[PDB]
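Written out below as structure tokens is the structure these notes cover.
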Amino acid sequence: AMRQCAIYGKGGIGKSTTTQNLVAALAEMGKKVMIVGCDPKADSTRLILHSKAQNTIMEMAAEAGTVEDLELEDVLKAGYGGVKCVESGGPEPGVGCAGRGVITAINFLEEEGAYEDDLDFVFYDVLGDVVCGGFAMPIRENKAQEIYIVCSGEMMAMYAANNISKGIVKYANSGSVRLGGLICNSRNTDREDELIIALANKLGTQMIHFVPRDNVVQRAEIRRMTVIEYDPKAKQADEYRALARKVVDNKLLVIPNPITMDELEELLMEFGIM
Amino acid sequence: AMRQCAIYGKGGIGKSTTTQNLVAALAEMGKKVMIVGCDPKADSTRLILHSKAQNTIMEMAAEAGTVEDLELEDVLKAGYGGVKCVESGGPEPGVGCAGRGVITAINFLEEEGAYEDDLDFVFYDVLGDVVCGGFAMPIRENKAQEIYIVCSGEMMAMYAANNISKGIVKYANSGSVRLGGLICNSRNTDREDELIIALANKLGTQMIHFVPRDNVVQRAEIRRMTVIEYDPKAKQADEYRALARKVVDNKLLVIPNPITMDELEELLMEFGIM
Amino acid sequence: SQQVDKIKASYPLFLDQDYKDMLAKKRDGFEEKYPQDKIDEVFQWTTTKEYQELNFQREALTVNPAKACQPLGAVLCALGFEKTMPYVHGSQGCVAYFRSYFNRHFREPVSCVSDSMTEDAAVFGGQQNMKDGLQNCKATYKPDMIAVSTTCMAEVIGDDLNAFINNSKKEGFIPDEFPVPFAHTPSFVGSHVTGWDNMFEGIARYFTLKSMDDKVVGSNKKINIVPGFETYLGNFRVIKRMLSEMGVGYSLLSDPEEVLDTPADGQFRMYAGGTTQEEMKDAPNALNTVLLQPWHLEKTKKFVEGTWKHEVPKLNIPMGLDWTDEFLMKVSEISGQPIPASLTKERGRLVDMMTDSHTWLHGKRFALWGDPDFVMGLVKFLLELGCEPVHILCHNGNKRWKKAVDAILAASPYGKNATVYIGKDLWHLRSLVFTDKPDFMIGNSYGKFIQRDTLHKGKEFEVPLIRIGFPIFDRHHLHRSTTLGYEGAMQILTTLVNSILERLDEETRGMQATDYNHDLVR
Amino acid sequence: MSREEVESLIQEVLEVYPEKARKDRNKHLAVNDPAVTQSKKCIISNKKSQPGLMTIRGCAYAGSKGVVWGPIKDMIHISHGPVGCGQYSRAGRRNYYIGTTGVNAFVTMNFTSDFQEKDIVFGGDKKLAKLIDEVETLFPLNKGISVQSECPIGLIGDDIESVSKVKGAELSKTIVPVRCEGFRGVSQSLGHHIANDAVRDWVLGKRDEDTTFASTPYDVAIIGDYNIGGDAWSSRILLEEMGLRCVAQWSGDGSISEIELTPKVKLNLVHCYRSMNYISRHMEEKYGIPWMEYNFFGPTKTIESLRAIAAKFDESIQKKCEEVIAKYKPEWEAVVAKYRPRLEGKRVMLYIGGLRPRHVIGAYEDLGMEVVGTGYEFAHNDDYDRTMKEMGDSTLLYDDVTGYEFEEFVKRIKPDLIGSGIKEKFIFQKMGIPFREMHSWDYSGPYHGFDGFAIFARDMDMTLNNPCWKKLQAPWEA
Ligand SMILES: Nc1ncnc2c1ncn2[C@@H]1O[C@H](COP(=O)(O)OP(=O)(O)O)[C@@H](O)[C@H]1O
Ligand SMILES: Nc1ncnc2c1ncn2[C@@H]1O[C@H](COP(=O)(O)OP(=O)(O)O)[C@@H](O)[C@H]1O
Ligand code: CFM
Ligand code: CLF
Ligand code: SF4
Ligand code: ALF
Ligand code: ALF
Ligand SMILES: [Ca+2]
Ligand SMILES: [Mg+2]
Ligand SMILES: [Mg+2]
């Protein structure tokens, strides 16, 4: 047991939200899971805690001076389905160095055990942009062993996915972290399913699942909760449960095989029209 | 003449794409505009150059050793409608410090004149996340004088907008940069228009425009171009032209008045259901 | 043991048998050091051209650099202004280092503060540090001005110094009118001299930019002088001497000669005389501006010409005969003041010293390093003496500067076998003095280890170091010396000639063997 | 004199501080009272230094490269980051060694990755790798490497750990990645803890499976002695003279080999508590190697330690210990006999790192001098507890003293001699107060042990009673 995963993807593509709901389905399956938010905005855990956690690793550490003076109890809280949640702190937009925040945070958890438990899964909900080595912390030597890139059939989202893949390569070769697959969070693009599958193949991975765009996600989001909790009978809920099973049963872990910009354009023209 | 603007917003909310199309409308109005990409991924100028520019300030500087050895001619290229485009370089995801890249890039342009011309508008297409002081470069002392935050009626997108507003405050008070308004790039959320307007008011600004979600944007995007160029008669094109006029005629510039997380939740409950 | 009457310190002490034996046992017992043979072998290897080549193929490793990061220069520049307190926004560690680095070279106190940014200050961006730091600084040390510089940390996280300072004032942390000039000084760009440049330019902007309206060139009848990174008290003083000697109205911008030479009379003066803020505010009204060390005052040059509209003369650092002549003549032209017979005679005397010593000098090959301007000038003077600057190394040098020096070398037969090296550290030079061995090497204290290495190969391979430059830590008060003008020239000349004679006396001190050439008169 | 006059002094100085800073500083100024064993006695340490108050603290980098890692002879230490840290730090500390600098020993040298802008923007992780190769090629005789993180490295998040592990496995060389970014922590203190952990994880464990080393019942190790001016050697000679076998010195004339050997020692002698206690505890809980603190500053303290140490062994050792004490007795005795009269009753104020401020007190009292005040830059309350039993009742205590504070304090206290760092020296010399560097021994010989004591004594007299002091005021003034 114990599978550390890292979620990445185009900014605002829905990684946080999807991860939130996904984990809910895991918890519903009796799977003990912990989610480590790696976004300066502690928004990786709202749907589980039913509230925007303020006890972030960085802010908390600052209160007690040195991060060394911090203690897990103060930053780790369990929410829906007993899912444990932790949030790397972060400066407000346009100031500081959020990257370092994540670095220190991950190191903190590592040293205070945290992972050291009976957790079935650990999810690193990283920010969309990932502009530095710091945000790649979850993909280091002995952290996440499987990454899942969220994206849509949108040119930009696909580029981001491929671009992110490139960065992953540097870490895949130096360790054992592998790309499990792509999770298409539908954004109603024309030949969406075909597009993502095409890209997935080109990269050498798979399209783990196609999450339909359903406003239920938002309706539940508004009420601070995952679709599962908000409406277990909702069609979208089954979709998330499906994705959960897919991830649990996934045995396909590969080293991303990126494509050139020209190759991407070519792919878009062939699978993105009509 | 000469209005420097900075575009910010939730990651992947569509800032780049909207900016691309928006500028196209400006160019169509005979407005000479330049766009400075501030995202490590040189994706801020694709739709104008009809190709993903490789001549980024950072990569180019690296080729010539010191950034001091770089020359504008090598990194500045004009595309559709004579719109001049420049791209701050950047490391691949998970390595380096993209923030510094932007800092050096902006400084480079500043020193080599660049802005120093007869430009009607200059647009800083910053990345969604903005995790450091570096990405706030465009909002410094004598850079952008008006910021426009792109967002949707999505809880997360709104939070991001408000969170970003907070960061802006630090710079607004130290200089003259002001928030012009919010541009709602529709993502088909229930009471979207009401939500954004509500937030806009709460912040003390306005909802400059509501950009409808139209797959035409994608169809044009695929063919490396702005909706204007791809289909001038397309309904969406008129929408962008409208937004352009709105920005040109905008005289409302304010210092963002952020709200507490609780206040945001409250707003979501009142304007986001039914 | 120790003999109370004649106590032996570390040096003679650890040479005692019981100590030697202990070290021998320690080495043989737990050090596992390489056999003396292997050591001797690898050493002889490090002196070959083969090694040197691999040494020069380095693209990442820098060994024993001949430079320092920007902030150091920013600080020195800051110290040149009246009751100004250097403030480095960033990690406190740097400031401690800066202070000590200068403490050791000047053997004087070095006042500088840091707003002590730590872990969370880096993550969250230390705007508070700026606010509190400034307030605390003013209140505690009561400076009239605070010159903000930076640390790589603050440079990476893009801390908007200006925004912070502005907000610091607006939020009542310090009086809105309190002079707080700033400058971004990324450790990882250029070097200490660049820091000096940036810091100066920032200060120049602060007291000028806005108030440029009432300014008129020449109205103050003064000639602005920018020393740049200068670590010889004599260098500031000589310029001021000559200028006053000609009766030239001048204004030395950034003059820390006083701060770096406070008299020890039972009283501690934290701040001392320096460039008054008024001199800075009035600076644009000057006839023109002369940059003593142009090669690292690039940004300042552009600001002076661009904003101050001063037609800065293309003058080289006033070092050696020719360049000092050019400097004086240019100043003479700008101020309309004729070069006094006072200086004319002084020039004549230097020439006389040159003629008296040309015999021993002519032909002596040297290796040297230091800041661009300093080196460039040292080279010119060396050429004027008939010496050969075979190995000219300037770690913080650039392509254009190299060309400049090359042209200077191509102008004289003595430069024939010289080679300019930019972006090269002292380890590179170490190889040069081994492969193509010069007579002596002119440089800072860091070269003492190169001489140690050279001697270890053999006495005839030893290349004596002549301490001229920065920093000089193993010699007391050399920072008082002069290198600029005829005065500096004379000192350098004397120093060189005597250095030559010294080594000769040593080489010929062997009684019966080499003492036959031990002449009383030379 | 008198805690009342002192408390008034503290309160007076605090007056210039803006309320916020005033509040904090008061907690770091206290009047000593023996018996009190805690912070109760208005003394809190190891906290964020107030911005702008010009403190004398350093950075984590200084803690690792500067004091702990740098001292290792046969090992190349890379100042990873922009030039500066390495340069300013190059051959500053007098951690003496025995080696052919450049071929097998590298202390004197400053190896740096000389970060340039493009290395930050793109992350010099590749540069590091290439650098290492260049090192192996140009310095074949190195027995290991260590990357000392400068601020940038911590921020940009360069996977230096991986670069070290990959290159290490390839080249079969020990490459130690240290995260001593200057900003991390509050002083050089955390740097120590970090460096210690680095040693623990990357070096110590190397010889755990190896049993080839021939151990003896008297195998000891000196930890926390950086051989400043020869300090370690002067201490080692005594220990070995009394039958002990110093297997390793931690960061003195230290080699990677002896560091790896350390886990085989029968006892660990800790001199510098603040810097090595971390690893000392680890070696105990793991290898079961007991550790004890000791002091070699002054004969009384030295003798006290020598006995306490020999007491941990059998009679042959203890008997020898006495022979040693006997041997050196006439010497240190002659020393005090000559110098004490010249320094009798002379008052001294101190301020140093995180050990000496209390450790040297003994030595001072042995020459009849009285330490009227002392303080540390980075010491934690651990040290302060120990400090209180050393300081005479009503002596002034200060943690992370601001420049302004030390000045004012000195103004009223009017000590006959002051001992602090380089950044202090000239300030007080200007004031006419005999100053002596207690970090670098003011370029003087060892102070540790008996041989060092003679030197320490001479130095104090030399300066304290120097004729230069009478000449501060010009005759034409009064
Ligand atoms: N399948 C979906 N259907 C509808 N809205 C969705 C769906 N997935 C995500 N969203 C909405 O997209 C917005 C951003 O999601 P978020 O997870 O915060 O993005 P990111 O992970 O990239 O930071 C929120 O309103 C989110 O609920
Ligand atoms: N109004 C819209 N209708 C449809 N798709 C849109 C619209 N606006 C943006 N998009 C799509 O959203 C995806 C991301 O846009 P992008 O500008 O790159 O995001 P960001 O600015 O935040 O980096 C691309 O497919 C983009 O074309
Ligand atoms: S200021 Fe020692 S805790 Fe440390 S360099 Fe000096 S009083 Fe250090 S005894 Fe030591 S050899 Fe030191 S003298 Fe502890 S090692 S960080 Mo500055
Ligand atoms: S607290 Fe310490 S010395 Fe400072 S940076 Fe941080 S690790 Fe280093 Fe380095 S190059 Fe110069 S001295 Fe810095 S400004 Fe950067
Ligand atoms: S790009 Fe990253 S490493 Fe750089 S300042 Fe920003 S958060 Fe930090
Ligand atoms: F908050 Al995100 F991509 F997870 F912008
Ligand atoms: F590329 Al973006 F927000 F503009 F992720
Ligand atoms: Ca002095
Ligand atoms: Mg997120
Ligand atoms: Mg973008």
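As shown in the structure tokens, the chain order sets the letters A, B, ...; within each chain, residues go from 1, and ligands are also counted from 1 in the order they appear.
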
Contact check, chain B to ligand 10, at most 9 Å, counting only C-alpha atoms and all ligand atoms, closest pairs as JSON lines:
```
{"residue": "B:8", "atom": "CA", "partner": "ligand 10", "partner_atom_place_in_ligand_line": "1 (Mg)", "distance": 8.8}
{"residue": "B:11", "atom": "CA", "partner": "ligand 10", "partner_atom_place_in_ligand_line": "1 (Mg)", "distance": 8.1}
{"residue": "B:12", "atom": "CA", "partner": "ligand 10", "partner_atom_place_in_ligand_line": "1 (Mg)", "distance": 7.5}
{"residue": "B:14", "atom": "CA", "partner": "ligand 10", "partner_atom_place_in_ligand_line": "1 (Mg)", "distance": 7.8}
{"residue": "B:15", "atom": "CA", "partner": "ligand 10", "partner_atom_place_in_ligand_line": "1 (Mg)", "distance": 6.3}
{"residue": "B:16", "atom": "CA", "partner": "ligand 10", "partner_atom_place_in_ligand_line": "1 (Mg)", "distance": 4.6}
{"residue": "B:17", "atom": "CA", "partner": "ligand 10", "partner_atom_place_in_ligand_line": "1 (Mg)", "distance": 7.9}
{"residue": "B:37", "atom": "CA", "partner": "ligand 10", "partner_atom_place_in_ligand_line": "1 (Mg)", "distance": 7.2}
{"residue": "B:38", "atom": "CA", "partner": "ligand 10", "partner_atom_place_in_ligand_line": "1 (Mg)", "distance": 7.1}
{"residue": "B:39", "atom": "CA", "partner": "ligand 10", "partner_atom_place_in_ligand_line": "1 (Mg)", "distance": 5.1}
{"residue": "B:40", "atom": "CA", "partner": "ligand 10", "partner_atom_place_in_ligand_line": "1 (Mg)", "distance": 8.3}
{"residue": "B:41", "atom": "CA", "partner": "ligand 10", "partner_atom_place_in_ligand_line": "1 (Mg)", "distance": 7.3}
{"residue": "B:42", "atom": "CA", "partner": "ligand 10", "partner_atom_place_in_ligand_line": "1 (Mg)", "distance": 7.8}
{"residue": "B:43", "atom": "CA", "partner": "ligand 10", "partner_atom_place_in_ligand_line": "1 (Mg)", "distance": 6.0}
{"residue": "B:44", "atom": "CA", "partner": "ligand 10", "partner_atom_place_in_ligand_line": "1 (Mg)", "distance": 5.4}
{"residue": "B:125", "atom": "CA", "partner": "ligand 10", "partner_atom_place_in_ligand_line": "1 (Mg)", "distance": 5.9}
{"residue": "B:126", "atom": "CA", "partner": "ligand 10", "partner_atom_place_in_ligand_line": "1 (Mg)", "distance": 5.7}
{"residue": "B:127", "atom": "CA", "partner": "ligand 10", "partner_atom_place_in_ligand_line": "1 (Mg)", "distance": 4.5}
{"residue": "B:128", "atom": "CA", "partner": "ligand 10", "partner_atom_place_in_ligand_line": "1 (Mg)", "distance": 6.5}
```

Distance filter 10 Å, only C-alpha atoms, chain B against chain D, as a list in words: residues 58, 59, 61, 62, 65, 66, 67, 89, 90, 91, 92, 94, 95, 96, 97, 98, 99, 100, 101, 102, 103 and 104 of chain B

Within-8 Å residues of ligand 3, basis only C-alpha atoms and all ligand atoms, as an MDAnalysis selection string: chainID D and resid 62:63 66:68 93 95 188:189 192 224:228 271:275 352:357 376:379 421 438:440

Selected residue, from D:382, D:315, D:136, D:390, that lies nearest to chain C when counting only C-alpha atoms: D:136

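Distance check against chain B using only C-alpha atoms: of C:127, C:149, C:166, C:136, the minimum falls on C:166.
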
Per-residue nearest contacts of chain C to chain B (12 Å; only C-alpha atoms) as a tab-separated table:
```
residue	atom	partner	partner_atom	distance
C:122	CA	B:132	CA	9.9
C:123	CA	B:132	CA	8.6
C:124	CA	B:132	CA	8.8
C:125	CA	B:133	CA	7.6
C:126	CA	B:133	CA	10.5
C:127	CA	B:170	CA	9.3
C:128	CA	B:170	CA	11.6
C:152	CA	B:100	CA	10.6
C:153	CA	B:100	CA	11.0
C:154	CA	B:133	CA	9.2
C:155	CA	B:100	CA	7.8
C:156	CA	B:100	CA	5.7
C:157	CA	B:133	CA	5.4
C:158	CA	B:133	CA	4.1
C:159	CA	B:133	CA	5.5
C:160	CA	B:133	CA	6.9
C:161	CA	B:140	CA	10.0
C:162	CA	B:141	CA	7.4
C:163	CA	B:174	CA	4.8
C:164	CA	B:174	CA	7.3
C:165	CA	B:174	CA	8.2
C:166	CA	B:174	CA	5.2
C:167	CA	B:174	CA	5.4
C:168	CA	B:174	CA	9.0
C:169	CA	B:174	CA	9.4
C:170	CA	B:174	CA	8.0
C:171	CA	B:173	CA	9.9
C:184	CA	B:103	CA	11.3
C:186	CA	B:100	CA	10.6
C:188	CA	B:100	CA	11.4
C:189	CA	B:66	CA	9.3
C:190	CA	B:66	CA	9.8
C:298	CA	B:68	CA	11.9
C:299	CA	B:111	CA	10.6
C:302	CA	B:111	CA	10.7
C:303	CA	B:111	CA	11.6
C:398	CA	B:66	CA	10.3
C:399	CA	B:69	CA	10.4
C:400	CA	B:69	CA	11.2
```

Write out, as a PDB file, in the first residue's frame, the residues just selected, with C-alpha atoms.
```
ATOM      1  CA  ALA C 122      11.785  35.067   1.626  1.00  0.00           C
ATOM      2  CA  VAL C 123       8.605  33.032   1.061  1.00  0.00           C
ATOM      3  CA  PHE C 124       6.211  35.870   1.940  1.00  0.00           C
ATOM      4  CA  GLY C 125       8.455  38.630   0.601  1.00  0.00           C
ATOM      5  CA  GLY C 126      10.022  40.859   3.208  1.00  0.00           C
ATOM      6  CA  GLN C 127       8.144  44.145   2.849  1.00  0.00           C
ATOM      7  CA  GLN C 128       7.839  44.354   6.639  1.00  0.00           C
ATOM      8  CA  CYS C 152      20.618  37.523  -4.414  1.00  0.00           C
ATOM      9  CA  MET C 153      17.749  36.342  -2.209  1.00  0.00           C
ATOM     10  CA  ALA C 154      15.868  39.628  -2.545  1.00  0.00           C
ATOM     11  CA  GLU C 155      16.808  39.743  -6.247  1.00  0.00           C
ATOM     12  CA  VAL C 156      15.389  36.308  -7.008  1.00  0.00           C
ATOM     13  CA  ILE C 157      12.097  36.907  -5.192  1.00  0.00           C
ATOM     14  CA  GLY C 158      11.745  40.212  -7.046  1.00  0.00           C
ATOM     15  CA  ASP C 159      11.314  42.376  -3.962  1.00  0.00           C
ATOM     16  CA  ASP C 160      10.283  45.747  -5.341  1.00  0.00           C
ATOM     17  CA  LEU C 161      12.644  47.932  -3.301  1.00  0.00           C
ATOM     18  CA  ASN C 162      10.915  51.062  -4.597  1.00  0.00           C
ATOM     19  CA  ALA C 163       7.418  49.818  -3.755  1.00  0.00           C
ATOM     20  CA  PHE C 164       8.561  48.723  -0.301  1.00  0.00           C
ATOM     21  CA  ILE C 165      10.348  51.993   0.437  1.00  0.00           C
ATOM     22  CA  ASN C 166       7.413  54.029  -0.869  1.00  0.00           C
ATOM     23  CA  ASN C 167       5.004  52.062   1.311  1.00  0.00           C
ATOM     24  CA  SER C 168       7.458  52.319   4.221  1.00  0.00           C
ATOM     25  CA  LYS C 169       7.132  56.091   3.981  1.00  0.00           C
ATOM     26  CA  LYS C 170       3.391  56.224   3.292  1.00  0.00           C
ATOM     27  CA  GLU C 171       2.679  53.982   6.296  1.00  0.00           C
ATOM     28  CA  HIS C 184      19.143  46.430  -7.240  1.00  0.00           C
ATOM     29  CA  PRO C 186      22.063  40.894  -7.865  1.00  0.00           C
ATOM     30  CA  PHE C 188      24.879  36.735  -9.586  1.00  0.00           C
ATOM     31  CA  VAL C 189      25.418  39.543 -12.110  1.00  0.00           C
ATOM     32  CA  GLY C 190      28.612  41.430 -12.879  1.00  0.00           C
ATOM     33  CA  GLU C 298      28.817  52.257 -17.400  1.00  0.00           C
ATOM     34  CA  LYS C 299      25.269  52.728 -16.038  1.00  0.00           C
ATOM     35  CA  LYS C 302      24.544  56.696 -19.452  1.00  0.00           C
ATOM     36  CA  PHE C 303      22.594  58.449 -16.695  1.00  0.00           C
ATOM     37  CA  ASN C 398      34.510  41.937 -20.598  1.00  0.00           C
ATOM     38  CA  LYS C 399      35.026  41.507 -24.356  1.00  0.00           C
ATOM     39  CA  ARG C 400      35.275  45.231 -25.149  1.00  0.00           C
TER      40      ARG C 400
END
```

Given 8 Å and only C-alpha atoms and all ligand atoms, residues near ligand 4 as number ranges by chain: C: 68-72, 90-95, 97-98, 150-153, 185-188; D: 58-62, 81-86, 88, 149-152, 180-183

Go ahead and save the picked residues with N, CA and C atoms, as a tab-separated table (two decimals), in the first residue's frame.
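Result file follows (result-v8.tsv):
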```tsv
chain	number	residue	atom	x	y	z
C	68	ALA	N	34.14	39.83	-6.28
C	68	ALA	CA	33.18	39.70	-5.19
C	68	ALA	C	31.84	40.13	-5.76
C	69	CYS	N	30.75	39.79	-5.09
C	69	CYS	CA	29.42	40.15	-5.57
C	69	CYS	C	29.09	41.64	-5.46
C	70	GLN	N	28.17	42.08	-6.31
C	70	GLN	CA	27.72	43.46	-6.38
C	70	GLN	C	27.52	44.24	-5.08
C	71	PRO	N	26.68	43.73	-4.16
C	71	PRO	CA	26.43	44.43	-2.89
C	71	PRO	C	27.65	45.01	-2.17
C	72	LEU	N	28.79	44.35	-2.26
C	72	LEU	CA	30.00	44.86	-1.61
C	72	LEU	C	30.30	46.25	-2.15
C	90	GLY	N	17.99	42.14	2.49
C	90	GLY	CA	18.17	40.73	2.20
C	90	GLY	C	18.66	39.98	3.42
C	91	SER	N	19.40	38.89	3.20
C	91	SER	CA	19.95	38.07	4.28
C	91	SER	C	21.03	38.83	5.04
C	92	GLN	N	20.97	38.75	6.37
C	92	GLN	CA	21.92	39.41	7.25
C	92	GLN	C	23.35	38.87	7.11
C	93	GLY	N	23.45	37.62	6.66
C	93	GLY	CA	24.75	36.99	6.50
C	93	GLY	C	25.70	37.79	5.63
C	94	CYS	N	25.18	38.32	4.53
C	94	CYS	CA	25.97	39.11	3.60
C	94	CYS	C	26.61	40.29	4.28
C	95	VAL	N	25.79	41.10	4.94
C	95	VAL	CA	26.26	42.29	5.62
C	95	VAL	C	27.42	42.00	6.56
C	97	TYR	N	29.53	39.66	6.32
C	97	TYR	CA	30.65	39.40	5.42
C	97	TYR	C	31.23	40.67	4.81
C	98	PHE	N	30.37	41.55	4.33
C	98	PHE	CA	30.81	42.79	3.71
C	98	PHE	C	31.65	43.57	4.71
C	150	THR	N	20.99	45.19	-2.37
C	150	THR	CA	20.29	43.91	-2.27
C	150	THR	C	21.17	42.67	-2.20
C	151	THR	N	20.52	41.55	-1.89
C	151	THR	CA	21.16	40.24	-1.79
C	151	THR	C	20.48	39.39	-2.85
C	152	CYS	N	21.19	38.40	-3.40
C	152	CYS	CA	20.62	37.52	-4.41
C	152	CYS	C	19.22	37.06	-4.01
C	153	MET	N	19.04	36.79	-2.73
C	153	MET	CA	17.75	36.34	-2.21
C	153	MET	C	16.65	37.32	-2.61
C	185	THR	N	21.09	45.09	-6.69
C	185	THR	CA	22.44	44.57	-6.87
C	185	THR	C	22.56	43.05	-6.82
C	186	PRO	N	22.00	42.36	-7.83
C	186	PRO	CA	22.06	40.89	-7.87
C	186	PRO	C	23.48	40.34	-7.77
C	187	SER	N	23.74	39.58	-6.72
C	187	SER	CA	25.05	38.97	-6.49
C	187	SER	C	25.54	38.26	-7.76
C	188	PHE	N	24.63	37.53	-8.38
C	188	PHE	CA	24.88	36.73	-9.59
C	188	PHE	C	24.99	37.47	-10.92
D	58	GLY	N	25.44	35.94	11.53
D	58	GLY	CA	25.80	35.52	10.18
D	58	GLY	C	24.65	34.75	9.55
D	59	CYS	N	24.98	33.87	8.61
D	59	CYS	CA	23.97	33.07	7.92
D	59	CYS	C	24.25	31.58	8.02
D	60	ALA	N	23.25	30.77	7.69
D	60	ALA	CA	23.36	29.32	7.73
D	60	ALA	C	24.57	28.84	6.94
D	61	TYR	N	24.85	29.50	5.82
D	61	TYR	CA	26.01	29.16	4.99
D	61	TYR	C	27.28	29.22	5.83
D	62	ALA	N	27.41	30.29	6.62
D	62	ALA	CA	28.56	30.48	7.49
D	62	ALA	C	28.61	29.33	8.50
D	81	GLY	N	26.51	28.88	-5.59
D	81	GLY	CA	25.71	30.09	-5.69
D	81	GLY	C	26.58	31.17	-6.29
D	82	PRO	N	26.14	32.43	-6.23
D	82	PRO	CA	26.91	33.56	-6.78
D	82	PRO	C	28.24	33.72	-6.06
D	83	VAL	N	29.21	34.37	-6.70
D	83	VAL	CA	30.49	34.59	-6.04
D	83	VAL	C	30.19	35.58	-4.92
D	84	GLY	N	31.00	35.58	-3.88
D	84	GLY	CA	30.72	36.48	-2.78
D	84	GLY	C	30.88	35.68	-1.52
D	85	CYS	N	29.85	34.91	-1.16
D	85	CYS	CA	29.91	34.08	0.03
D	85	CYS	C	31.25	33.38	0.12
D	86	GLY	N	31.62	32.69	-0.95
D	86	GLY	CA	32.89	31.99	-0.98
D	86	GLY	C	34.08	32.92	-0.84
D	88	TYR	N	34.30	36.22	0.30
D	88	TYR	CA	34.35	36.86	1.62
D	88	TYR	C	34.74	35.85	2.68
D	149	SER	N	24.97	25.30	-0.05
D	149	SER	CA	23.94	26.14	-0.62
D	149	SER	C	23.97	27.59	-0.15
D	150	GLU	N	23.97	28.51	-1.11
D	150	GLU	CA	23.90	29.94	-0.82
D	150	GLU	C	22.42	30.26	-1.08
D	151	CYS	N	21.91	31.36	-0.53
D	151	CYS	CA	20.49	31.72	-0.70
D	151	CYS	C	19.80	31.26	-1.98
D	152	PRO	N	20.31	31.69	-3.16
D	152	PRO	CA	19.70	31.31	-4.44
D	152	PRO	C	19.29	29.85	-4.56
D	180	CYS	N	22.43	24.74	3.39
D	180	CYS	CA	22.70	25.83	4.33
D	180	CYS	C	22.46	27.22	3.73
D	181	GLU	N	21.30	27.40	3.11
D	181	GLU	CA	20.97	28.68	2.50
D	181	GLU	C	20.96	29.78	3.55
D	182	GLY	N	21.74	30.83	3.30
D	182	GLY	CA	21.83	31.94	4.24
D	182	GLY	C	20.57	32.40	4.95
D	183	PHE	N	19.46	32.47	4.21
D	183	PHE	CA	18.18	32.91	4.76
D	183	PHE	C	17.53	31.90	5.71
```

Chain C contacts on chain D, only C-alpha atoms, 6 Å, as a PyMOL selection string: chain D and resi 16+51-54+58-59+82-84+88+109-113+115-117+127+131+151-152+183-184+255+257-258+335+423+426-427+430-432+445+451+472-473
